[PDB]
Amino acid sequence: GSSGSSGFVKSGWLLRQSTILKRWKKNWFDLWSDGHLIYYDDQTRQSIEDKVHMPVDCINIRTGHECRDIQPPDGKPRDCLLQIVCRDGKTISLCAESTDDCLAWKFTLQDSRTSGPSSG
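Residues numbered from 1 in each chain as written, not as in the entry; some residues may be left out. Heavy atoms only, no water.

In terms of determination method, the entry is listed under solution NMR.

**Q** It is not clear to me how the overall build of the protein should be interpreted in this structure. Could you clarify?
**A** Summing up its helical and strand segments, the protein has one helix and seven strands in all. Ordering the α and β elements of the protein from the N terminus gives β-β-β-β-β-β-β-α. Since a compact globule built from 120 residues should have a radius of gyration of about 14 Å, the 14 Å found for the protein is in line with a globular shape. With the C-alpha coordinates aligned to their principal axes, the bounding extent of the protein is approximately 45 × 30 × 30 Å. (Helix = DSSP H or I, 4+ residues; strand = E, 2+ residues; numbered from the N terminus. Rg over C-alpha atoms; globule rule 2.2 N^0.38 Å.)

**Q** Where do I start with the UniProt feature "binding site: a 1,2-diacyl-sn-glycero-3-phospho-L-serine" in the protein in this structure?
**A** The positions UniProt marks with the feature "binding site: a 1,2-diacyl-sn-glycero-3-phospho-L-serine" are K25. Residue position: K25 is located in strand β2 (residues 24–31). When near neighbours in sequence (up to four residues on either side) are disregarded, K25 contacts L14, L15, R16 and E49. (UniProt positions renumbered as here; feature names shortened; annotations may be inferred. Contact = heavy atoms within 4.5 Å.)

**Q** Sorry, what's going on with the sheet that holds strand β7 (residues 91–95) here?
**A** Paired through backbone hydrogen bonds, the strands of a sheet run either parallel or antiparallel to each other. One open sheet accounts for seven strands, arranged β4-β3-β2-β1-β7-β6-β5; its pairing is antiparallel. The open sheet terminates on both sides in strands that have one partner only, identified here as β4 (50–52) and β5 (58–62). Mean inter-strand twist for the sheet, computed between neighbouring axes without regard to direction, equals 35°. Sheet analysis places strand β6 (residues 81–86) next to β7, joined by five bridges and oriented antiparallel. When the bridges of β7 are listed, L81 appears paired with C95. (Pairing = 2+ DSSP bridges. Axes fitted to C-alpha atoms, helices over the stretch in contact; angles between N-to-C directions.)

Here you go:
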């Protein structure tokens, strides 16, 4: 039998610029131990927004002005911005509550990038 429950590296709330809403919407992100990243619609975790990998789907990580030619939401800086450059090209624009939150995530990702070859 499988474990049953899985613990996420870091779980928190983050905004995401949708292609249909063309705006920043508060979402729920959650990174897995295997690197895999999955976000939901709300704390309910019932409407699985989507699922994407980091060291597999994401190739580069930009933050702030470095990110695409996007723009931060109202009453929010730019350094708190977090983007994820996918392989093909897909680009996801995210935003943290404050630089602190952003930094944490960014670093967390840059770390999950070292996931693949057996470690032991």
